[PDB]
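Before any comments, here is the structure.
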Amino acid sequence: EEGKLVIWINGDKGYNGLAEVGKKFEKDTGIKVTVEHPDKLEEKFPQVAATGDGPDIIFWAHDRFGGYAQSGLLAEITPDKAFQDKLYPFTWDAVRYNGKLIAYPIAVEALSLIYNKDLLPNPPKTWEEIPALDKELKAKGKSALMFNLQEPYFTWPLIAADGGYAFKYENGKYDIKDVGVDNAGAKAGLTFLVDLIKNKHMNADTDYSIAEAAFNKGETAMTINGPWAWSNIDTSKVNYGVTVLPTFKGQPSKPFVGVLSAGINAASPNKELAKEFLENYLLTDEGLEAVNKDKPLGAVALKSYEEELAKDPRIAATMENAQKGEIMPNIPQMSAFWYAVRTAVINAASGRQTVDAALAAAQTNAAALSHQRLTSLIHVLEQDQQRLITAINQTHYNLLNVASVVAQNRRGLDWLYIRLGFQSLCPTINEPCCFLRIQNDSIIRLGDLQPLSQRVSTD
Amino acid sequence: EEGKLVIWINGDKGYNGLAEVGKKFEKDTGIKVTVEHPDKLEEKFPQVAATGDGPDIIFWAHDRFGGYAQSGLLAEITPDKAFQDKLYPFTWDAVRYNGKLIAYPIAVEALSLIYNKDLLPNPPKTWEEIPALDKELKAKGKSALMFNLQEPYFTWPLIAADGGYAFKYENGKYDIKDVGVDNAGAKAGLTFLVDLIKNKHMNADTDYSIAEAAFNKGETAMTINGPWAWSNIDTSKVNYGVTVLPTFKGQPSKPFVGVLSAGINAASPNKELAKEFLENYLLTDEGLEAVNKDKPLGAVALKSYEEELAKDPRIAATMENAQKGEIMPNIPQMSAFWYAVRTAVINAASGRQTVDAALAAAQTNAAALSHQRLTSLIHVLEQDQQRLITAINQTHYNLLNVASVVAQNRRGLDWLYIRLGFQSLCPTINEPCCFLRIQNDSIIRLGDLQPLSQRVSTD
Amino acid sequence: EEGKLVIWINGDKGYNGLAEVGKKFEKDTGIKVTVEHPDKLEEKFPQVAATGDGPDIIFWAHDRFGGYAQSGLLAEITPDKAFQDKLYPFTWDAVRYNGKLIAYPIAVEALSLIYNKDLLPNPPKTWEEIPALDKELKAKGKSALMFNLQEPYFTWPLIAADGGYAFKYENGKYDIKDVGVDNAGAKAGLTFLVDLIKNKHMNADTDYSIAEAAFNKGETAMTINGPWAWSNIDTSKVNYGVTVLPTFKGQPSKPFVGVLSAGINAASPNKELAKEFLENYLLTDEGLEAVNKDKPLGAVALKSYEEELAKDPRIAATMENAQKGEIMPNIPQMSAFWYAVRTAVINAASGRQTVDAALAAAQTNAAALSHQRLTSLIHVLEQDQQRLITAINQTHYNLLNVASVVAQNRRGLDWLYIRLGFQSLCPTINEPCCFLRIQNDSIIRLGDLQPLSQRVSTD
Ligand SMILES: OC[C@H]1O[C@H](O[C@H]2[C@H](O)[C@@H](O)[C@@H](O)O[C@@H]2CO)[C@H](O)[C@@H](O)[C@@H]1O
Ligand SMILES: OC[C@H]1O[C@H](O[C@H]2[C@H](O)[C@@H](O)[C@@H](O)O[C@@H]2CO)[C@H](O)[C@@H](O)[C@@H]1O
Ligand SMILES: OC[C@H]1O[C@H](O[C@H]2[C@H](O)[C@@H](O)[C@@H](O)O[C@@H]2CO)[C@H](O)[C@@H](O)[C@@H]1O
Ligand SMILES: [Cl-]
């Protein structure tokens, strides 16, 4: 592991293009670079890193990096002044935590409205016109809009539009106790979304893959997604545009803006190699181009290459949406916020909770990293109890099966004894009879249990 | 469910009288009203309401409504100025939360001392005289005092008398971090109560039903209860009075005063029908009278009807005790407070904990809604582990039973083989013998486990 | 239990000498005194005391007593002015909590460097010289240093040296939210220690017993321990000295100073007997001498006897280290702090976590008594799940064993039926055949579960 590099990046990004940068590094230096894209990497990273494992370099939007740093998992990076000047200062702000740089910023990501120019020459300026737009499109076997409803990143622009917010920003400092997921703006936003589902303009089950396939197959007029998605739309040959997100109550949708960033694992014995790879290889016009040609990065942090990329109307639209949204905080509590909003949106979308109760609970859960932890614990314990009860049940049925064969064996022993002219088995061998007797009251008592979450609230 | 009303109210209130109001509503409008009184309604409500179920209207004392509102579960009510003027302003204060009305107030409830005039013509002015009073009554086969020891509502007046308090009220705002369940006043109060149990003037097991039956049967000279209880005493024909609660250390007992209130479920598609039922039907002299004749409501919020009720010496006594106690907060943390005091009082009463350790723990638990949650979780997990271990144990014994029949079957197979002049089973069929071999070290290791609560504290 | 005394004291202290004081008490008064030294007494005490059990008198360093008092478990002690003057005021400060005395102080304990004068005539002034010292000692079949790595008390002096601290002390008041276990000083301290283990100058598994035996057997040049340990070194006949702890980065090591103290259980019906035992018997030159001759107490609180003890160069060294360290807080949060640092040090020492991730987690856990509680809960639940799964697994294998005998019984039934000229069992008795059929998918699904802690973090 010393003398080589392992890099993790998300499965929706240009990892094959990044591997080409790794191949050039290897060509020039002899150093092997391996790029992986595990699932749930943003959750896997802190677990493996804490034990001194995990990759040398970790790529994610900047919002998770404050927590990683607070947890002891990141090396402070040491770019000199000349390198720092190569990148936009606002990108350096995104990766600064308690005064220290904790990652290299790569690219600015914001969500936009992506629309099919052949189905919809002139896309809606407002969210409110969508149901009527969907009505007409449905008559022709299409739909107006499909996007990932399973990740709150995609719904947040709408929730934020009328006033919803994560943590209040005042005096240059986020207040972790002031959360705006349950104010009037947020409620209106999510109610409008759940209204779309109620009136069957969207489906609660739609996830990344489903929306992408529908848009890329010409089935839906619009989707909501980031620069990474453009590559596959090009391949699909759909005639698409990338524009400003619809307004809600006359207010701009407010995407949470992410800076794709690369951190160095505090436990890496390859911190200098990682620095040189990121600074001398990836963060160059040629390194970034290789990644971008694979899956587009968005508006890159590197001024020299961004000056070219900026002339792309897709990148102009990206930055227009960015300017309307807000840069994500990188505070450790961002993971509690996302977990809470994720739970709210899914619960509300699927009709398992009301909008207002979903959001009230999110408000509580976002307002403490320990709050979600308790929520997560009870959720996981509830699952474990069901797995335990299931195993206990199956063993019971297994035992009943075995008993059935034992009973047949006993009947066969008796029949034969009698047929050969003895008494039945037990008086013949002169033993008190052993009878099958199975108690099941315990098993029945387990099958009665309401789920753990309910029983904890009802105590 | 649209076009009809479902109402929940507690099993100790006039629900048959409320159903008569529902019947009149149905007569005038065609709208069916169904009144239910499930057990634990105050705990069932928030669970079903959060999923968009539960009743249209929920009745409880006002203290729980802040939490329900904070959780997204209540509609703001919209009574006009003319209706608002019909009710006392202090009752409207009880149902106001973060500036909004969240329920209709119905009636003011306070606990009083109810005494048997034939056993006790002149009831005690002080708690301290009770043991000597009980001494003499016991000589004649009676007791001085019996009341519900399972619900802290009933013991709180005593605990509060010498200085105990829930949340500190200053600057018109409750301090959730300043809790007075473990100060000197509170300790003295609960010690005096546990002293009554120690010296056998009361029993820790006495609950609502036991006290009510004893008083109503003429077995005990005194009880502590609310206006709802009077109805059944009338039926019993006991000659009773309703008076000021005894003093403790020369201080008035301080009942936590409740306003029976009716909220509208945020998820009800019948919010206007509910408004009209509460405003045009229940909150009238005739609506309230129908409920009151069933079980007395106390001092009603409706000025017109209260002006009659006030002439009742029982209602005068009720309000004298109310004025000496304090209006309950309606803050979300009230449920943590009640849970904590409930646990303390029962633990101390039953001698499972010392007064001082019981109250110290209550202090901690009341000082955070998340604190009780952890306490409740561990309590529930401890129960679940025991249920799991019990099932695991019974399956083990089931398996031993099955094995016993299998062993007898094997002995019978061998005997017969030999009797028919073969060798035993296994050399005859030419197989290595399979032997019953049951491992039980796991089962024994489970039977060794101290309860979860102890093991978590001892980690 | 009324009319006798039960005393708990730790197994490393002079409990046989304390029992001699108990015997003198019994001789003079008739009152039986029983001294016990259960394991984990500091954790057992609060559990048994809360139920009104446990000893009359509890001995521990003063740091745990604030929590015991806050939990309702200690009697305020009532020494008069004349008795108070017998002991140093700073010892009385150690046992004062929210303005009240909650224990009798006995003796001041600080860790020192204990060295073998024959292996090491001139012990190191610095931690940094130890690896080179160990290098040379190892060549002669010895080692430089061995001390208990399982209890953070012993490692803290080093962690504190360069700036690590527990709770920030300002304005005479500890800030429970300002914890210094994860600052630069603390990280450097623990990194140096783990570096010693990496480079094999110490072993992560070394505990109290192992270090004591190695030093007392002449195998290692140095150990770190308190006055109690001297007694067994005397017995060993090793030629030892007791000196100032090594410096780290030119800074003194900073032992957390403990005052061995004796509290009276709030639930004791023997509070006056306990007072008289502690004041009239133990806290005398003769009482303390009896304990000290068993295992040395350190610098005693009793001025009269300390004036003699102070002339001991071992006691001078003890107090030099004390003055360089700091008196422990007695705040309730000390137990969360010790639990957190214990976990960090072991995790880092054993290489299960990195120094930086270990300490970051400790920082979080020390910063709330409820934080550790959640950590402890998940740790205990993880263990319980494994015990449950193990039992579920063994029952499965038990059932497979039983099934194997049942299958052999069936084969023997068939063979015999056929041999006696019938058909096989089932067509002969004219029954559909029952077959053994065991489902195991549940069991396999349980064997797949990652540990609970990981799954809760990954939710
Ligand atoms: O859905 C919550 C999720 O949102 C963001 O993740 C984005 C990411 O920033 C983009 O690069 C892209 O991969 O889509 C992701 C959503 O699936 C946050 O960065 C992440 O922390 C958060 O969990
Ligand atoms: O015991 C705690 C309990 O007290 C109060 O409940 C009262 C209620 O207000 C009365 O209407 C009557 O029904 O007796 C109840 C006690 O059993 C609080 O209102 C309730 O929130 C709390 O849990
Ligand atoms: O290791 C943490 C532990 O440290 C202290 O315990 C000391 C004790 O003070 C000494 O008398 C001696 O017995 O060694 C102990 C360490 O094993 C704290 O007093 C204790 O609260 C803490 O858990
Ligand atoms: Cl069998």
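Naming scheme: A, B, ... for chains in displayed order of the structure tokens; residues 1 onward per chain; ligands 1 onward as shown.
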Item to complete: List all protein, DNA and RNA residues that have an atom no more than 6 Å from any atom of ligand 1, counting only C-alpha atoms and all ligand atoms, and report them as a VMD selection string.
Response: chain A and resid 61 63 to 64 151 to 153 258 338
Keeping only N, CA and C atoms, write the selected residues as a PDB file, in the first residue's frame.
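Written output follows (selection-v4.pdb):
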```
ATOM      1  N   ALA A  61     -18.654  15.477  -2.799  1.00  0.00           N
ATOM      2  CA  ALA A  61     -18.977  16.884  -2.555  1.00  0.00           C
ATOM      3  C   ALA A  61     -18.442  17.325  -1.194  1.00  0.00           C
ATOM      4  N   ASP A  63     -19.558  18.852   1.322  1.00  0.00           N
ATOM      5  CA  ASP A  63     -20.382  18.895   2.530  1.00  0.00           C
ATOM      6  C   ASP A  63     -20.037  17.823   3.565  1.00  0.00           C
ATOM      7  N   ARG A  64     -19.548  16.670   3.128  1.00  0.00           N
ATOM      8  CA  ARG A  64     -19.211  15.600   4.083  1.00  0.00           C
ATOM      9  C   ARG A  64     -17.859  15.750   4.753  1.00  0.00           C
ATOM     10  N   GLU A 151     -33.287  10.617  -2.969  1.00  0.00           N
ATOM     11  CA  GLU A 151     -32.201  11.419  -2.385  1.00  0.00           C
ATOM     12  C   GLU A 151     -32.626  12.874  -2.231  1.00  0.00           C
ATOM     13  N   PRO A 152     -32.585  13.397  -0.989  1.00  0.00           N
ATOM     14  CA  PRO A 152     -33.161  14.722  -0.757  1.00  0.00           C
ATOM     15  C   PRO A 152     -32.465  15.855  -1.478  1.00  0.00           C
ATOM     16  N   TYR A 153     -31.274  15.581  -2.006  1.00  0.00           N
ATOM     17  CA  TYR A 153     -30.494  16.559  -2.774  1.00  0.00           C
ATOM     18  C   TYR A 153     -31.349  17.115  -3.909  1.00  0.00           C
ATOM     19  N   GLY A 258     -22.749  21.934  -4.524  1.00  0.00           N
ATOM     20  CA  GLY A 258     -21.686  21.088  -4.001  1.00  0.00           C
ATOM     21  C   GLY A 258     -20.388  21.363  -4.725  1.00  0.00           C
ATOM     22  N   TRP A 338     -29.005  15.683   6.283  1.00  0.00           N
ATOM     23  CA  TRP A 338     -29.374  14.906   5.101  1.00  0.00           C
ATOM     24  C   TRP A 338     -30.168  13.641   5.474  1.00  0.00           C
TER      25      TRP A 338
END
```
Practice prompt. For chain A, report every residue with an atom at most 6 Å from chain B (counting only C-alpha atoms), formatted as a list in words.
Written response: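 Only these qualify: residues 352, 353, 354, 356, 357, 360, 434, 436, 438, 442, 456 and 458 of chain A.
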Fill in: Distance query residue 287 in chain A at most 12 Å, only C-alpha atoms, self and fewer than 6 positions along chain excluded, as a list in words
residues 14, 17, 18, 19, 20, 21, 22, 23, 24, 25, 106, 277, 278, 279, 280, 281, 293, 294, 297, 300, 302 and 305 of chain A
Worksheet item: Excluding same-chain residues fewer than 3 positions from range 98-102 of chain C, what lies within 8 Å of it counting only C-alpha atoms, as number ranges by chain?
Response: C: 65, 69, 74-78, 92, 95, 263-264
Export N, CA and C atoms of the chosen residues as a compact mmCIF listing (two decimals), in the first residue's frame?
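Dumped to result-v6.txt:
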```txt
# COMPACT_ATOMS: atom_id res chain seq x y z
N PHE C 65 -17.12 10.81 43.36
CA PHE C 65 -18.09 11.14 44.41
C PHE C 65 -19.11 12.22 44.00
N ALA C 69 -23.02 11.66 44.52
CA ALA C 69 -23.84 12.63 45.24
C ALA C 69 -25.00 13.15 44.39
N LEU C 74 -25.18 9.67 48.46
CA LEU C 74 -24.32 10.00 49.58
C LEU C 74 -24.93 10.87 50.66
N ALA C 75 -24.59 10.58 51.92
CA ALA C 75 -25.04 11.42 53.03
C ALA C 75 -24.09 12.61 53.08
N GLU C 76 -24.59 13.81 53.33
CA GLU C 76 -23.68 14.90 53.59
C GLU C 76 -22.97 14.59 54.92
N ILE C 77 -21.66 14.79 55.00
CA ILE C 77 -21.00 14.48 56.27
C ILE C 77 -20.96 15.73 57.16
N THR C 78 -20.85 15.51 58.48
CA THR C 78 -21.10 16.58 59.47
C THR C 78 -19.93 16.72 60.46
N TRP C 92 -10.15 18.87 51.92
CA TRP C 92 -11.57 19.15 52.09
C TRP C 92 -12.18 19.71 50.78
N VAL C 95 -13.42 16.91 48.28
CA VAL C 95 -14.67 16.23 48.64
C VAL C 95 -15.86 17.15 48.84
N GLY C 263 -16.97 7.89 51.66
CA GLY C 263 -18.32 8.40 51.71
C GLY C 263 -19.27 7.55 52.50
N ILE C 264 -20.32 8.16 52.98
CA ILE C 264 -21.34 7.42 53.70
C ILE C 264 -22.58 7.29 52.81
```
Which parts of range 194-299 of chain A does DSSP call helix (DSSP H, G or I) when run on the backbone here, written out as an mmCIF file with N, CA and C atoms, in the first residue's frame?
```
data_model
loop_
_atom_site.group_PDB
_atom_site.id
_atom_site.type_symbol
_atom_site.label_atom_id
_atom_site.label_comp_id
_atom_site.auth_asym_id
_atom_site.auth_seq_id
_atom_site.Cartn_x
_atom_site.Cartn_y
_atom_site.Cartn_z
ATOM 1 N N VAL A 194 -45.506 16.339 -2.782
ATOM 2 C CA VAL A 194 -46.394 15.229 -2.435
ATOM 3 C C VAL A 194 -47.743 15.357 -3.175
ATOM 4 N N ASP A 195 -48.239 16.587 -3.317
ATOM 5 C CA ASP A 195 -49.391 16.881 -4.209
ATOM 6 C C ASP A 195 -49.166 16.358 -5.635
ATOM 7 N N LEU A 196 -47.958 16.532 -6.180
ATOM 8 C CA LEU A 196 -47.649 15.976 -7.527
ATOM 9 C C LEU A 196 -47.805 14.460 -7.565
ATOM 10 N N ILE A 197 -47.520 13.818 -6.437
ATOM 11 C CA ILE A 197 -47.530 12.366 -6.362
ATOM 12 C C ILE A 197 -48.987 11.917 -6.176
ATOM 13 N N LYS A 198 -49.699 12.598 -5.274
ATOM 14 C CA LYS A 198 -51.124 12.381 -5.013
ATOM 15 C C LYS A 198 -51.881 12.421 -6.341
ATOM 16 N N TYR A 208 -32.867 7.419 -9.062
ATOM 17 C CA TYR A 208 -31.952 7.976 -10.084
ATOM 18 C C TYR A 208 -32.093 7.235 -11.424
ATOM 19 N N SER A 209 -31.999 5.915 -11.340
ATOM 20 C CA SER A 209 -31.961 5.088 -12.526
ATOM 21 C C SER A 209 -33.230 5.217 -13.342
ATOM 22 N N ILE A 210 -34.375 5.220 -12.658
ATOM 23 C CA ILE A 210 -35.674 5.260 -13.339
ATOM 24 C C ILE A 210 -35.883 6.568 -14.083
ATOM 25 N N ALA A 211 -35.645 7.681 -13.398
ATOM 26 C CA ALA A 211 -35.711 8.984 -14.064
ATOM 27 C C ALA A 211 -34.748 9.099 -15.261
ATOM 28 N N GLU A 212 -33.491 8.706 -15.071
ATOM 29 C CA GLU A 212 -32.495 8.815 -16.140
ATOM 30 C C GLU A 212 -32.926 7.997 -17.365
ATOM 31 N N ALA A 213 -33.307 6.739 -17.142
ATOM 32 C CA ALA A 213 -33.791 5.918 -18.238
ATOM 33 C C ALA A 213 -35.021 6.535 -18.925
ATOM 34 N N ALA A 214 -35.988 7.047 -18.166
ATOM 35 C CA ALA A 214 -37.172 7.631 -18.797
ATOM 36 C C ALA A 214 -36.851 8.861 -19.652
ATOM 37 N N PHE A 215 -35.972 9.723 -19.145
ATOM 38 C CA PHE A 215 -35.645 10.921 -19.882
ATOM 39 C C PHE A 215 -34.834 10.530 -21.106
ATOM 40 N N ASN A 216 -33.845 9.668 -20.890
ATOM 41 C CA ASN A 216 -32.952 9.280 -21.957
ATOM 42 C C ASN A 216 -33.628 8.430 -23.027
ATOM 43 N N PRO A 227 -24.351 18.130 -13.879
ATOM 44 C CA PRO A 227 -23.515 18.011 -15.090
ATOM 45 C C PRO A 227 -23.063 16.595 -15.438
ATOM 46 N N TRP A 228 -22.862 15.740 -14.432
ATOM 47 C CA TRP A 228 -22.433 14.352 -14.667
ATOM 48 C C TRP A 228 -23.402 13.600 -15.555
ATOM 49 N N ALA A 229 -24.676 13.990 -15.514
ATOM 50 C CA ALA A 229 -25.702 13.232 -16.217
ATOM 51 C C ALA A 229 -25.657 13.510 -17.737
ATOM 52 N N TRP A 230 -25.050 14.628 -18.139
ATOM 53 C CA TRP A 230 -25.168 15.047 -19.540
ATOM 54 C C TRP A 230 -24.601 14.027 -20.513
ATOM 55 N N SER A 231 -23.489 13.415 -20.124
ATOM 56 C CA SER A 231 -22.792 12.425 -20.928
ATOM 57 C C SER A 231 -23.709 11.334 -21.466
ATOM 58 N N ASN A 232 -24.488 10.707 -20.586
ATOM 59 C CA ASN A 232 -25.412 9.656 -21.023
ATOM 60 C C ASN A 232 -26.572 10.199 -21.904
ATOM 61 N N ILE A 233 -26.929 11.470 -21.749
ATOM 62 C CA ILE A 233 -27.987 12.051 -22.595
ATOM 63 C C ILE A 233 -27.439 12.251 -24.018
ATOM 64 N N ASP A 234 -26.190 12.687 -24.113
ATOM 65 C CA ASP A 234 -25.500 12.775 -25.404
ATOM 66 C C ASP A 234 -25.571 11.440 -26.131
ATOM 67 N N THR A 235 -25.195 10.381 -25.423
ATOM 68 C CA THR A 235 -25.243 9.025 -25.951
ATOM 69 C C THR A 235 -26.650 8.662 -26.431
ATOM 70 N N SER A 236 -27.666 9.061 -25.666
ATOM 71 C CA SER A 236 -29.051 8.737 -26.004
ATOM 72 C C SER A 236 -29.552 9.434 -27.269
ATOM 73 N N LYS A 271 0.873 10.374 1.444
ATOM 74 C CA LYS A 271 0.348 11.735 1.406
ATOM 75 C C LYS A 271 1.048 12.635 0.378
ATOM 76 N N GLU A 272 2.362 12.474 0.234
ATOM 77 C CA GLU A 272 3.097 13.266 -0.776
ATOM 78 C C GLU A 272 2.755 12.812 -2.220
ATOM 79 N N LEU A 273 2.681 11.507 -2.468
ATOM 80 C CA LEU A 273 2.251 11.021 -3.776
ATOM 81 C C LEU A 273 0.847 11.525 -4.150
ATOM 82 N N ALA A 274 -0.050 11.512 -3.171
ATOM 83 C CA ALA A 274 -1.416 11.992 -3.368
ATOM 84 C C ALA A 274 -1.412 13.469 -3.714
ATOM 85 N N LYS A 275 -0.606 14.242 -2.995
ATOM 86 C CA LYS A 275 -0.506 15.670 -3.271
ATOM 87 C C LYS A 275 -0.058 15.895 -4.725
ATOM 88 N N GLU A 276 0.974 15.169 -5.108
ATOM 89 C CA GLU A 276 1.553 15.331 -6.437
ATOM 90 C C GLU A 276 0.587 14.863 -7.507
ATOM 91 N N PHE A 277 -0.135 13.770 -7.240
ATOM 92 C CA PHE A 277 -1.143 13.334 -8.200
ATOM 93 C C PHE A 277 -2.197 14.400 -8.372
ATOM 94 N N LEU A 278 -2.745 14.931 -7.268
ATOM 95 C CA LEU A 278 -3.854 15.894 -7.387
ATOM 96 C C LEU A 278 -3.393 17.220 -8.002
ATOM 97 N N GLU A 279 -2.211 17.677 -7.587
ATOM 98 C CA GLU A 279 -1.714 19.013 -7.977
ATOM 99 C C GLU A 279 -1.058 18.976 -9.348
ATOM 100 N N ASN A 280 -0.266 17.951 -9.610
ATOM 101 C CA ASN A 280 0.507 17.947 -10.856
ATOM 102 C C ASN A 280 -0.162 17.241 -11.991
ATOM 103 N N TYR A 281 -1.165 16.412 -11.670
ATOM 104 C CA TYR A 281 -1.810 15.596 -12.693
ATOM 105 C C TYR A 281 -3.302 15.865 -12.874
ATOM 106 N N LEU A 282 -4.091 15.698 -11.818
ATOM 107 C CA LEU A 282 -5.521 15.921 -11.991
ATOM 108 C C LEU A 282 -5.866 17.394 -12.185
ATOM 109 N N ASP A 285 -5.281 21.361 -17.012
ATOM 110 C CA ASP A 285 -6.283 21.399 -18.066
ATOM 111 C C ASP A 285 -6.461 20.010 -18.640
ATOM 112 N N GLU A 286 -5.354 19.286 -18.773
ATOM 113 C CA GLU A 286 -5.379 17.983 -19.399
ATOM 114 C C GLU A 286 -5.980 16.905 -18.463
ATOM 115 N N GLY A 287 -5.612 16.928 -17.188
ATOM 116 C CA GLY A 287 -6.215 16.006 -16.197
ATOM 117 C C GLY A 287 -7.721 16.195 -16.092
ATOM 118 N N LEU A 288 -8.144 17.429 -15.868
ATOM 119 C CA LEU A 288 -9.557 17.714 -15.787
ATOM 120 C C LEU A 288 -10.299 17.384 -17.082
ATOM 121 N N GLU A 289 -9.694 17.651 -18.232
ATOM 122 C CA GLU A 289 -10.351 17.329 -19.496
ATOM 123 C C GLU A 289 -10.645 15.840 -19.622
ATOM 124 N N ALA A 290 -9.683 15.009 -19.228
ATOM 125 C CA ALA A 290 -9.843 13.556 -19.271
ATOM 126 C C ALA A 290 -11.028 13.109 -18.429
ATOM 127 N N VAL A 291 -11.189 13.709 -17.249
ATOM 128 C CA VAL A 291 -12.327 13.344 -16.394
ATOM 129 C C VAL A 291 -13.647 13.844 -17.017
ATOM 130 N N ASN A 292 -13.664 15.122 -17.415
ATOM 131 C CA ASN A 292 -14.829 15.787 -17.989
ATOM 132 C C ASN A 292 -15.391 15.114 -19.239
ATOM 133 N N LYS A 293 -14.502 14.605 -20.107
ATOM 134 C CA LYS A 293 -14.904 13.894 -21.336
ATOM 135 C C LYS A 293 -15.580 12.585 -21.014
ATOM 136 N N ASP A 294 -15.298 12.064 -19.824
ATOM 137 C CA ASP A 294 -15.937 10.839 -19.378
ATOM 138 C C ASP A 294 -17.364 11.176 -18.896
#
```
Item to complete: Select, from A:329, A:242, A:185, A:261, the residue with the minimum atom-to-atom distance to residue 312 in chain A, counting only C-alpha atoms.
Response: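 Among A:329, A:242, A:185, A:261, it is A:242 that comes nearest to residue 312 in chain A.
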Item to complete: Kindly give the distance, in Å, that separates CA of residue 444 in chain C and CA of residue 383 in chain A, rounded to a single decimal.
Response: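 CA of residue 383 in chain A lies 15.8 Å from CA of residue 444 in chain C.
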Which residues are near residue 38 in chain C? Cut-off 8 Å, only C-alpha atoms, ignore same chain within fewer than 2 positions. Put them as an mmCIF file with N, CA and C atoms, in the first residue's frame.
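around20.cif, written as the output of this step:
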```cif
data_model
loop_
_atom_site.group_PDB
_atom_site.id
_atom_site.type_symbol
_atom_site.label_atom_id
_atom_site.label_comp_id
_atom_site.auth_asym_id
_atom_site.auth_seq_id
_atom_site.Cartn_x
_atom_site.Cartn_y
_atom_site.Cartn_z
ATOM 1 N N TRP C 8 -16.529 -0.865 51.697
ATOM 2 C CA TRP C 8 -15.919 -1.302 50.468
ATOM 3 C C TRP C 8 -14.720 -0.416 50.198
ATOM 4 N N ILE C 9 -13.633 -1.039 49.789
ATOM 5 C CA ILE C 9 -12.418 -0.321 49.386
ATOM 6 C C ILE C 9 -11.766 -1.124 48.258
ATOM 7 N N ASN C 10 -10.992 -0.451 47.412
ATOM 8 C CA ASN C 10 -10.419 -1.150 46.256
ATOM 9 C C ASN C 10 -9.385 -2.199 46.636
ATOM 10 N N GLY C 11 -9.336 -3.252 45.817
ATOM 11 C CA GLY C 11 -8.390 -4.334 45.979
ATOM 12 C C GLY C 11 -6.914 -3.961 45.918
ATOM 13 N N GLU C 36 -14.850 -5.294 52.590
ATOM 14 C CA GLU C 36 -14.880 -6.034 51.328
ATOM 15 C C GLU C 36 -14.170 -5.239 50.242
ATOM 16 N N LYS C 40 -14.576 -3.959 40.375
ATOM 17 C CA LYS C 40 -15.377 -2.904 39.779
ATOM 18 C C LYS C 40 -16.209 -2.138 40.799
ATOM 19 N N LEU C 41 -15.702 -1.981 42.009
ATOM 20 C CA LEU C 41 -16.538 -1.421 43.059
ATOM 21 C C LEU C 41 -17.095 -0.063 42.693
#
```
Worksheet item: Please, which residues of range 116-347 of chain B, numbered as in this document, come out strand (DSSP E or B) from DSSP, as a PyMOL selection string?
Response: chain B and resi 116+126+143-145+165-170+173-180+220-225+240-243+247-248+251-252+256-265+299-300+302+326-327
Discussion item. Report as a PyMOL selection string all protein, DNA and RNA residues lying within 9 Å of range 128-144 of chain A, evaluated on only C-alpha atoms, omitting residues in the same chain fewer than 3 positions from it.
Written reply: chain A and resi 119-120+124-125+192+196+199-202+218-223+246-249
Go ahead and save the residues from that selection, with C-alpha atoms, as a short mmCIF file (atom, residue, chain, number, x, y, z; two decimals), in the first residue's frame.
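After the write, part-v9.cif holds the following:
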```cif
data_model
loop_
_atom_site.label_atom_id
_atom_site.label_comp_id
_atom_site.auth_asym_id
_atom_site.auth_seq_id
_atom_site.Cartn_x
_atom_site.Cartn_y
_atom_site.Cartn_z
CA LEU A 119 -41.33 17.12 -26.56
CA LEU A 120 -41.13 20.51 -24.93
CA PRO A 124 -42.12 25.86 -17.76
CA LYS A 125 -40.91 28.85 -15.82
CA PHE A 192 -46.44 20.74 -3.52
CA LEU A 196 -47.65 15.98 -7.53
CA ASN A 199 -52.38 13.69 -8.39
CA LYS A 200 -50.14 11.16 -10.13
CA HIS A 201 -47.82 13.58 -11.92
CA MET A 202 -44.91 11.72 -10.24
CA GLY A 218 -37.76 10.12 -24.59
CA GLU A 219 -40.58 9.17 -22.18
CA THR A 220 -40.65 12.27 -19.97
CA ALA A 221 -40.21 15.90 -20.97
CA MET A 222 -38.00 16.95 -18.08
CA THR A 223 -35.64 15.71 -15.40
CA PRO A 246 -38.74 26.32 -12.23
CA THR A 247 -39.79 28.93 -9.72
CA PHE A 248 -42.10 28.09 -6.80
CA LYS A 249 -44.45 30.82 -5.49
#
```
